[PDB]
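Structural features, examined
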Amino acid sequence: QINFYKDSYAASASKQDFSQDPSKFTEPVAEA
Amino acid sequence: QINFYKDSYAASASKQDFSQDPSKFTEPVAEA
Amino acid sequence: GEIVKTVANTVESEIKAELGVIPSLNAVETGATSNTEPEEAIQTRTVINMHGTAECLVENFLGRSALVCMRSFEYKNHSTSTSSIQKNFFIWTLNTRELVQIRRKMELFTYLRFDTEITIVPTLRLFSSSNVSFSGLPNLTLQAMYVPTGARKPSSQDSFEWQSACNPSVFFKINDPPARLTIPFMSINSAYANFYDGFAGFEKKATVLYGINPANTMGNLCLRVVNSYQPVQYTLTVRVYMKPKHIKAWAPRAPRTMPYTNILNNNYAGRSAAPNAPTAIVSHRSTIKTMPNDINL
Amino acid sequence: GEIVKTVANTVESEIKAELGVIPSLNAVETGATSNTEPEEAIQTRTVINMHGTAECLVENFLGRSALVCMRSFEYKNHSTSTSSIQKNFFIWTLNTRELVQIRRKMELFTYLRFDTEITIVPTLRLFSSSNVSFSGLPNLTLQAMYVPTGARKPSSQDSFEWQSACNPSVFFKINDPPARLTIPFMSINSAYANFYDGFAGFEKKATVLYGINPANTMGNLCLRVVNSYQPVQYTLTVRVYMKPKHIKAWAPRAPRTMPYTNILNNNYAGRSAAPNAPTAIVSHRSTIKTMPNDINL
Amino acid sequence: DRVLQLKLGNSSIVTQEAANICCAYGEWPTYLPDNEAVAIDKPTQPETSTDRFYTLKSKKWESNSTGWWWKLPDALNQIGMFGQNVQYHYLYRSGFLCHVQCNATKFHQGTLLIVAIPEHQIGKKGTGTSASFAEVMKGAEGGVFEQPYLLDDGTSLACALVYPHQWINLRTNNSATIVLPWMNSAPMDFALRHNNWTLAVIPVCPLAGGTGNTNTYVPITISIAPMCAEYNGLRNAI
Amino acid sequence: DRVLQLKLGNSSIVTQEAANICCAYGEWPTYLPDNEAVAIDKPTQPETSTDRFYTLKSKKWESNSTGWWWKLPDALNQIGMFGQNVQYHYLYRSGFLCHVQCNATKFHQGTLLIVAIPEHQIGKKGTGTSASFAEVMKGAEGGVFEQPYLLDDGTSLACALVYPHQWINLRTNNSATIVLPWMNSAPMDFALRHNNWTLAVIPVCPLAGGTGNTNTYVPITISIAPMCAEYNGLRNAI
Amino acid sequence: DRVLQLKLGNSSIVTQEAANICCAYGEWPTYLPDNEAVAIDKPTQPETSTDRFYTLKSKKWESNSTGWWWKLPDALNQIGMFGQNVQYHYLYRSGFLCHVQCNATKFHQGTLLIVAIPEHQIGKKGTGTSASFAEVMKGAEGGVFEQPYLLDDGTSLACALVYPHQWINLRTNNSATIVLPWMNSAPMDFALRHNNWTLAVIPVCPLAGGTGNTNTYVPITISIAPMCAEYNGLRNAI
Amino acid sequence: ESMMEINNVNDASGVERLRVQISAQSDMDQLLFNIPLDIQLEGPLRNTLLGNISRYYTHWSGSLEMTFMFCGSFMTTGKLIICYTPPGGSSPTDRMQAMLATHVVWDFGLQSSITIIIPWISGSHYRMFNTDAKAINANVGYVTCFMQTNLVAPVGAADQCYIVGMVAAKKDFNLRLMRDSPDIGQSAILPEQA
């Protein structure tokens with residue numbers, strides 16, 4: 001990202017978050 | 001802060017002063 | 001949570017006739033989604049797939065500038081033989097519900113936290129009066145003032161609420177590039193809620209409406225023409241475009257199918273007939289054995 | 001003085017019935033504020049609070065651009081059959097008292113030292129003459145000249161005091177982004193005083209006014225349309241916005257409750273009735289046992 | 001496996017035909033951490049007088065039933081010491097374990113979708129006026145779906161499987177269990193004015209039987225257990 | 001010392017004219033130990049919704065007042081979440097902190113004996129029939145001594161100082177504090193049918209004043225805090 | 001503690017009912033440092049002929065009194081060698097110790113707010129004309145609040161507690177002491193035309209008594225001591 | 001600390017509004033006064049440093065303290081119970097309910113003042129300076145004062161007594177979103193002469 005201002009929320013997009021955990025929704029079962 | 005001019009007073013805001021001493025006003029008593 | 005930049009590769013598989021191993025069978029009642037692999041349902045080849053996933057990230061899916069408001073007012077002299085009030089301003093209560101594309105994208109998630117970027121695009125025109133030469137479009141100075149809830153509002157163009165000593169206000173001209181600023185994440189809670197199953201008040205009466213979220217008392221945008229009235233008319237239209245940044249989304253949703261009828265609730269009247277009727281969301285086909293687009297040779 | 005970025009955390013506390021230890025009791029007569037802790041008045045839980053304090057810092061509370069002046073003059077030919085003087089200029093004596101929001105914020109402190117940032121926002125219009133086509137808004141060049149006290153003033157648009165060989169002057173156009181510059185801290189003293197309990201002169205007469213601070217003889221801003229008069233009229237309105245920088249504030253104040261009636265003193269007439277009447281600042285309720293907003297179920 | 005036992009406080013539910021335990025979004029109700037807390041006053045954590053199975057009234061499954069919903073905590077706000085900690089406290093936080101029961105013979109056929117919807121705002125058909133307090137807050141009695149096909153909303157039942165869900169297919173299952181964590185943007189909430197989970201029981205495939213097994217009386221029973229419940233703002237009962 | 005502050009849960013009582021804190025028999029209420037427990041079911045220990053000061057109605061101190069008694073837990077069996085844990089639970093155990101309040105001018109004279117009597121069985125005068133349920137169980141209202149000189153019993157007020165006691169002598173004191181442990185032969189008890197502490201407020205020396213200070217309205221206020229309260233046998237409310 | 005003695009030069013004030021010493025903004029008057037000085041001519045520092053308690057005239061506290069203010073240095077500009085160093089010198093700098101005295105019986109009730117306001121610019125009601133020289137400069141006589149509720153200004157008495165303040169509540173206190181440092185934007189000032197501290201004595205709760213103690217003559221006395229006083233610009237008396 | 005206009009009633013003028021008036025009761029358990037905790041709306045807490053300064057902001061969080069100073073006679077004794085009731089229902093009128101909430105019993109004596117902490121009890125991290133008093137985001141609850149025993153004064157002392165209430169923020173107090181104060185207004189540029 002890039003920022004020209006003090007405030008962190010003024011910064012550009014944060015598009016580097018490639019994590020995935022579909023198991024939250026596809027296998028939400030206690031016992032495998 | 002940031003400045004593009006010689007003069008120090010032309011600079012941007014100084015917003016990094018997080019000191020507090022409310023005792024000046026809340027406990028202005030000689031004896032604790 | 002594994003990192004997924006590129007979609008899954010496909011592994012080579014051979015014939016299989018093993019007992020006790022039934023991958024294509026499964027139990028939907030568990031609430032779990034089928035874990036069957038292409039590799040164990042068919043014979044597959046080795047495929048090294050390099051297709052990216054960046055463009056389904058919620059930051060990109062939601063992080064696009066979208067129209068949320070479009071207000072117009074007449075820029076003229078509103079003073080009459082009785083009242084002196086000038087009214088070349090509009091007040092907009094902020095919300096993401098007046099326009100359906102942005103609304104539905106972000107009702108795909110129950111909770112969202114995002115710092116939002118607002119771009120204001122003003123456009124003028126000359127009103128077609130009984131007799132008026134089109135003498136051009138003036139470069140007026142506009143003032144967009146954020147009025148947080150509880151602050152006093154301007155009820156006139158000349159009001160002195162427009163000092164904006166505390167209220168953030170942005171002055172921009174017609175000819176200049178559109179105004180822009182970033183509003184932070186402001187909910188008194190940890191996220192905005194697109195849906196609120198409750199009432200925003202402690203009282204039971206009918207005046208306390210269902211679905212109104214107290215934390216979504218999001219304040220107002222007051223916009224004014226700083227220039228005083230010209231001898232002639234102009235219709236100023238302001239389009240406000242809003243761009244979520246640093247989005248963080250929770251609890252995906254069943255997508256909206258019915259049209260929105262208002263911004264105060266999620267009520268629906270529906271289509272007269274399919275598609276998107278209350279009794280029929282998908283359009284019809286003659287029979288379950290019918291191909292509407294069967295390939296005929 | 002400790003550093004406080006985040007507000008205090010809350011510590012866990014248990015039951016307590018100790019003799020000689022009375023934290024909820026205290027002595028207001030000492031002039032001290034109660035030091036009672038939430039932890040020793042009630043049973044508390046451990047709360048790690050990460051709420052910031054940056055936005056109550058005086059640099060941010062005061063360091064916002066605020067309207068301090070708004071002057072308008074008619075841009076035309078002021079020459080008559082008798083006088084040739086052109087008068088498409090205004091002179092403003094600088095002060096923070098013509099507009100109440102900025103005034104009251106900074107009367108919250110007895111003394112302030114701040115380098116100040118001035119932004120000048122000009123706006124034109126075409127005067128509604130008996131018969132005038134709205135032939136657009138010219139891009140006039142304006143000249144804002146700071147005239148320090150004791151320097152000779154311009155009494156005309158064509159005066160030669162406008163050289164600004166020594167006086168700082170800024171030339172800007174209507175269509176260009178608003179003029180801006182930083183004025184330093186200029187008091188002959190170590191801080192500006194918003195209140196002065198005294199007289200600015202050595203003489204006793206009535207002409208020496210109470211509350212006028214000699215160190216606040218702050219000079220003047222003279223603004224002119226450099227362009228000479230057009231065949232037709234225009235009403236030029238100049239809004240001056242002022243932004244304290246590097247603020248340093250002393251001796252907080254009892255906030256103003258009465259309206260301001262003028263800039264030369266802090267006299268007051270008050271409301272006819274509450275709220276903010278001389279005999280009643282807060283609005284009324286029927287009895288001290290009455291809840292105006294009692295919750296009824 | 002299929003045989004399951006749930007022991008919470010006094011209560012103990014056994015089922016010999018279970019699918020599994022659905023943990024909504026993979027979570028398991030926890031008490032509020034110190035670094036997430038807001039209210040400074042000390043919370044009360046009863047841990048056995050609230051965290052137990054409360055079995056609500058049973059619903060009759062007709063061949064034409066649209067579906068039922070129960071809103072939480074609303075459904076339990078008058079039941080047991082849970083309700084009396086809600087009434088005497090301004091603030092509330094808990095998770096829920098919802099167990100739905102429906103038995104039928106091996107000659108019966110049917111399918112229930114048991115959905116736990118977060119912040120299920122009920123949209124209403126043919127009117128611009130928002131749902132009234134009465135039509136939303138029904139308590140232990142619960143509510144009935146006018147439009148299960150749209151989830152009493154402009155959404156769809158087909159896409160309802162995003163939400164924590166289980167089925168009761170009478171071939172395979174007679175009970176469904178969903179564990180619901182605290183699902184809110186705030187660490188607490190006023191339980192009398194806001195519901196955070198809507199437990200919906202919707203027949204996708206009607207209850208039916210063959211010759212002689214038609215029109216069998218098949219009830220549907222809901223048992224809900226508060227989980228890691230804590231209350232704050234102790235005051236008089238409301 | 002004389003200045004005292006009692007902080008229990010929400011509550012906080014300050015007094016600047018206190019004698020001391022009387023700990024009955026030198027004890028300090030504790031939770032039931034594992035080796036003393038009988039009921040196997042897990043107890044609920046609210047710890048803030050019950051363990052707090054409940055201020056009861058005030059009594060007017062006349063120049064002819066015989067005295068007042070409040071029975072515990074009876075006095076609190078309908079007040080707050082304490083009462084609603086008693087109602088929903090068969091079994092009860094707690095200690096009590098009793099704080100009695102009585103102010104008067106330095107020109108007033110009087111003396112109250114504040115006695116906490118264990119198992120104060122009320123004997124009645126001129127009849128062989130035992131005290132009825134109504135005449136014994138008065139709750140927050142409390143009762144009045146017919147015979148303070150005999151403690152509404154065949155005993156004597158003179159020898160009442162065996163029991164945990166404090167005085168309110170208006171010269172010296174305006175408040176009395178007694179800490180009452182669990183006082184029973186059983187680790188628990190059914191709170192609705194048995195009272196283990198009787199808090200008695202008895203004027204030994206009448207309230208009086210001089211010219212102009214006669215017939216002053218001097219109330220007597222009781223604040224009682226359950227201490228280390230725990231309940232067992234969770235069932236429906238009774 | 002409550003017993004206090006203030007010994008300055010010749011003077012010595014004792015009080016056996018004091019609250020504490022209020023040091024305005026935590027400061028203690030000091031002489032002007034070399035690095036803060038402006039006037040190059042050598043200052044005179046008498047140190048005992050000025051730095052001493054000057055007791056001003058007493059004010060009668062009525063049941064309807066609005067309040068009084070004394071402006072400094074104005075109040076002392078004619079009293080003692082302090083006034084004669086002010087008259088003979090252009091420039092002035094000092095701090096002040098203000099001690100306010102008010103006694104009443106234990107049967108009397110009342111409350112005085114003793115406020116030291118910096119740069120108390122007197123705003124006047126119902127007129128656009130600024131306060132005249134006479135209405136502001138009253139000297140040892142002091143002034144009376146037309147509007148204590150607004151501090152003879154558009155401000156409020158409620159928020160007057162920002163300023164260095166003490167109370168005289170006759171229950172607790174009969175004297176209040178405030179130490180005032182040099183409070184200005186300049187290292188000196190012309191004492192005859194500018195006042196930097198306004199000492200205001202305002203009754204918030206009226207003086208009252210019971211039968212026979214009504215209409216008691218209760219004066220209010222102000223004693224002010226210059227502190228670390230220094231003068232500059234020696235010339236003829238003005 | 002800064003005084004609250006608890007006696008914000010029509011019949012009270014000026015400094016009479018800063019003091020609540022307390023008398024010996026012929027009854028018992030009687031309510032004496034209440035305080036609407038509505039900073040945003042016209043209530044006792046408005047004309048305070050907390051109120052004035054916070055009203056330049058839109059959101060807030062943190063505990064408050066109310067300090068009440070008894071301004072009677074050294075011979076006037078009494079006990080008060082000051083209760084803070086979290087929101088959700090009516091403001092208490094009976095001491096038998098108010099005591100169920102956060103409260104402190106206040107005995108008069110050599111220490112003239114009592115502090116009750118209004119604890120931060122909110123579901124949200126912040127509350128609102130909203131125009132709607134009864135919104136879940138805005139309301140703080142109620143502060144009530146009842147007689148615990150009575151006010152007792154001897155003949156030579158006045159039967160009528162004053163209590164002065166002051167409010168302040170504690171160190172967990174936060175103010176977030178800045179706004180123009182509704183307290184001060186303007187219809188024209190302030191002239192050089194009124």
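Residues numbered from 1 in each chain as written, not as in the entry; some residues may be left out. Chains lettered and ligands numbered in written order. Part of a larger assembly, values for the part shown. Heavy atoms only, no water.

The deposited coordinates, according to the entry record, derive from cryo-EM at 2.63 Å resolution.

Labelled according to the PDB entry, chain H appears under the name Capsid protein VP3, originating from Human enterovirus 70.

As recorded in the PDB entry, chain C goes by the name Capsid protein VP1, listed as coming from Human enterovirus 70.

1. What to know about the overall build of chain C
This is how the line gets drawn: In this description a helix means any DSSP run of H or I spanning at least four residues, a strand means any run of E spanning at least two, and both kinds are numbered starting from the N terminus. Here the radius of gyration uses the C-alpha set of atoms, whereas the globule reference equals 2.2 Å times the residue count to the power 0.38. A contact between two residues is defined here by any heavy atoms of the two lying within 4.5 Å. Surface exposure here means Shrake-Rupley accessible area, sampled with a 1.4 Å probe, where a residue is shielded only by the protein chains that are shown. When charges are tallied, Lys and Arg are placed among the positive residues and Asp and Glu among the negative ones, while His and the ends of the chain are skipped. One atom stands in for each charge, and that atom is NZ of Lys, CZ of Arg, CG of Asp or CD of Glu.
Across its full length, chain C holds three helices and 10 strands. In chain C, the succession of helices and strands from N to C terminus is β-α-α-β-β-α-β-β-β-β-β-β-β. A compact globule built from 297 residues would reach a C-alpha radius of gyration of about 19 Å, whereas chain C, at 27 Å, exceeds it by more than 25%. Overall size of chain C, expressed as C-alpha extent along the three principal axes, is 95 × 55 × 40 Å. A sequence separation of at least 24 residues applies to 75% of the contacts in chain C between residues at least 6 apart. Of the roughly 15100 Å² that chain C leaves accessible, carbon and sulfur atoms contribute 55%. One finds the centroid of the 29 positive side-chain charges in chain C at a distance of 12 Å from the centroid of its 21 negative side-chain charges.

2. Here we look at the overall build of chain H
For the record, the criterion: Relative accessible area decides the class of each residue, using a 1.4 Å probe on protein chains only: under 20% of the type maximum gives buried, over 50% gives exposed, and in between gives partly exposed.
For chain H, the helix and strand inventory stands at two helices and 12 strands. Ordered by position from N to C terminus, the α and β elements of chain H give β-β-β-α-β-β-β-α-β-β-β-β-β-β. Based on the C-alpha atoms only, the size of chain H along its principal axes is roughly 60 × 50 × 30 Å. In chain H, which comprises 194 residues, the proportion classed as buried is 82%. Counting only contacts in chain H whose residues sit at least 6 apart along the sequence, the fraction spanning at least 24 positions is 80%. Surface accessibility of chain H: about 4000 Å² in total, with carbon and sulfur atoms responsible for 46%. Charge centroids of chain H, computed over 12 positive and 17 negative side chains, lie 6 Å from each other.

3. Let's talk about empty space enclosed by the protein
The condition is simple: Definitions used throughout: a 1 Å grid over protein atoms alone; a cavity as a set of points that fits a 1.4 Å probe which cannot get out; a pocket as an open set with protein on both sides within 12 Å along at least five of seven lines; a lining residue as one with an atom within 4 Å of a point. Grid points are joined across faces, edges and corners, and a volume is the space filled by probe spheres set on the points. Residue type decides the class: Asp, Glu, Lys and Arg count as charged, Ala, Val, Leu, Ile, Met, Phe, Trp, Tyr, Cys and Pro as nonpolar, and the leftover types, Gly among them, as polar.
What the rule picks out here adds up to 11 cavities of 30 Å³ or more. Of the volumes computed, that of the largest cavity is approximately 220 Å³. Lining the largest cavity we find 22 residues, and of these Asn189(C), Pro214(C), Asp189(E), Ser124(H) and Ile136(H) sit closest to its centre. Residue classes in the lining of the largest cavity are distributed as 11 nonpolar, nine polar and two charged.

4. A short note on the interface of chain D and chain H
What counts here: The term buried area refers to how much accessible surface (probe radius 1.4 Å) is lost by two components on association, counted for both of them together. What counts as a salt bridge is simple: a side-chain nitrogen of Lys or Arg found within 4 Å of a carboxyl oxygen of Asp or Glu. Distance and chemistry together define a polar contact, namely a pair of N or O atoms within 3.5 Å, with one atom able to donate a hydrogen and the other to accept it when in protein, and with adjacent residues in sequence counting only for side-chain atoms on both sides.
Chain D puts 66 residues into the contact, and the matching count from chain H is 78 residues. Where chain D abuts chain H, roughly 5900 Å² becomes buried across the two surfaces, and 56% of that area is made up of carbon and sulfur atoms. In this structure, the connection of chain D to chain H is made through zero salt bridges. Inspection of the chain D/chain H interface yields 36 residue pairs in polar contact.

5. Re the nonpolar core
In plain terms, the rule: What we call a nonpolar core is a set of buried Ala, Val, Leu, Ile, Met, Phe, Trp, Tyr and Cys residues that are connected through their side-chain atoms within 4.5 Å.
Core analysis: the largest hydrophobic core is formed by 219 residues, its most contacted members being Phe96(E), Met66(H), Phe68(H) and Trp106(H). Listed in part, the 87 residues of the second largest apolar core include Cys98(G), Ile168(G), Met69(H) and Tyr162(H).

6. Section: the arrangement of the chains
Ranked by contact count, the leading pair among the 17 pairs of chains in contact consists of chains D and H. Nothing in chain B touches chain E; the tightest C-alpha to C-alpha distance between them is still 22 Å. For chain A and chain F, which are not in contact, the least C-alpha distance works out to 26 Å.

7. Concerning the interface of chain F and chain H
Listed per partner, the contact involves 37 residues of chain F and 34 residues of chain H. Regarding the contact of chain F and chain H, the summed buried area is about 2700 Å², with carbon and sulfur atoms giving 56% of it. On inspection of chain F and its partner chain H, the count reaches zero salt bridges. On inspection of chain F and its partner chain H, the count reaches 23 residue pairs in polar contact.

8. Side note on the packing of helix 1 (residues 80-87) of chain E against helix 1 (residues 80-87) of chain F
What counts is decided by this rule: To get an axis, fit a line to the C-alpha atoms, keeping to the stretch in contact for a helix; angles then go from 0 to 180 degrees between the N-to-C directions. Between 65 and 115 degrees an angle is taken as roughly perpendicular, under 35 as roughly parallel, over 145 as roughly antiparallel, and anywhere else as oblique.
One way to put it is that helix 1 of chain E packs onto helix 1 of chain F with a least axis distance of 11 Å and a crossing angle of 170°. Taken together, helix 1 of chain E and helix 1 of chain F sit at an angle that is classed as roughly antiparallel. Seen from helix 1 of chain E, the contacting residues are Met81(E), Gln84(E) and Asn85(E); seen from helix 1 of chain F, they are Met81(F), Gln84(F) and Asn85(F).

9. Quick look at the pairing of strand 11 (residues 175-180) of chain E
Residue and element names in this part refer to chain E. Our working rule: Note on pairing: DSSP must find at least two bridges between two strands before they are called paired.
Burial runs high along strand 11: six of the six residues are buried. The side-chain alternation of strand 11 yields two buried faces, one formed by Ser175, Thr177 and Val179 and the other by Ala176, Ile178 and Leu180. Both strand 3 (residues 18-23) and strand 11 contribute to a ladder of four bridges, which runs parallel. Pairing of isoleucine 21 across the sheet is with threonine 177, part of strand 11. Taken together, the six bridges between strand 7 (residues 89-101) and strand 11 define a ladder with antiparallel strand orientation. The residue bridging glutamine 101 from the neighbouring strand is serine 175, located in strand 11.

10. Comments concerning the packing of aromatic side chains
Using the following cut-off: Pairing of aromatic rings covers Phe, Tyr and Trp, the last through its six-membered ring, and needs centres within 6.5 Å; plane angles under 30 degrees mean stacked, over 60 mean edge-to-face, and all others mean tilted.
If you walk through the whole model with that rule in mind, you get 49 aromatic pairs over all chains. Between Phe202(D) and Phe190(G), the ring centres sit 5.2 Å apart and the planes meet at 65°, which makes this aromatic pair edge-to-face. Pair noted here: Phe202(D) is in the loop between strand 9 (192-193) and strand 10 (220-225) and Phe190(G) is in the loop between strand 11 (175-180) and strand 12 (197-208), and the two residues belong to different chains. Look at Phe202(D) and you get exposed, because its relative accessible area is 57%. Taking the relative accessible area as the measure of exposure, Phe190(G) reaches 13% and is therefore buried. Judged by centre distance (5.9 Å) and plane angle (70°), the ring pair of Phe82(G) and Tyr231(G) falls under edge-to-face. Of this pair, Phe82(G) sits in helix 1 (residues 80-87) while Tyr231(G) is found in strand 13 (residues 219-234), placing the two residues 149 residues apart along the sequence.

11. Remarks on unusual backbone geometry
Residue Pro275(C) follows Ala274(C) across a cis peptide bond; omega there is 0°. As for its placement among the helices and strands, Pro275(C) is situated in the segment after strand 10 (234-252). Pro73(F) follows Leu72(F) through a cis peptide bond whose omega is 5°. Of note, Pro73(F) is situated in the loop between strand 6 (68-72) and helix 1. If you check the backbone angles, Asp152(E) has positive phi at about 45° while not being a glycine. Structurally, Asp152(E) is set in the loop between strand 9 (143-144) and strand 10 (165-169). Relative accessible area serves as the criterion here: at 6%, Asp152(E) is assigned to the buried category.

12. Observations concerning the sheet that holds strand 12 (residues 174-175) of chain H
Spatial ordering of the open sheet is given by 9-4-12 (chain H), a layout of three strands whose pairing is antiparallel. Every other strand in the sheet has two partners, leaving strand 9 (127-128) and strand 12 of chain H as the edge strands with one partner each.

13. Topic: helix 1 of chain E
Of all the eight residues making up helix 1 of chain E, eight are buried; the element is thus mostly covered by neighbouring parts of the structure. Within helix 1 of chain E the residues assigned to the buried category are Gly80(E), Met81(E), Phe82(E), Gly83(E), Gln84(E), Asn85(E), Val86(E) and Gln87(E). In this structure, the buried residues of helix 1 of chain E make contact with strand 4 (54-55), strand 7 and strand 13 (219-234) of chain E together with helix 1, strand 7 (89-101) and strand 13 (219-234) of chain F.

14. With respect to the sheet that holds strand 6 (residues 169-173) of chain C
Strand pairing in a sheet takes place through backbone hydrogen bonds and is either antiparallel or parallel in direction. Residue and element names in this part refer to chain C. If you trace the four strands from one edge of the open sheet to the other, you get 3-9-5-6, paired in antiparallel fashion. Edge strands, defined here as strands with exactly one partner in the open sheet, are strand 3 (89-93) and strand 6. Going across the sheet, the axis of each strand differs from the next one's by a mean of 15°, ignoring polarity. As defined by bridge partners, strand 5 (residues 141-147) adjoins strand 6 across five bridges and the pair is classed as antiparallel.

15. Some words on the pattern of salt bridges
All names here are of chain D. The final tally for this structure, using the stated rule, is 24 salt bridges over all chains. As a salt-bridge pair, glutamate 117 and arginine 180 come within 3.8 Å of each other at their nearest N and O atoms. With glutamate 117 in strand 5 (residues 109-123) and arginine 180 in strand 8 (residues 179-183), this pair connects stretches of sequence that are 63 residues apart. When its relative accessible area of 11% is taken as the criterion, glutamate 117 is described as buried.

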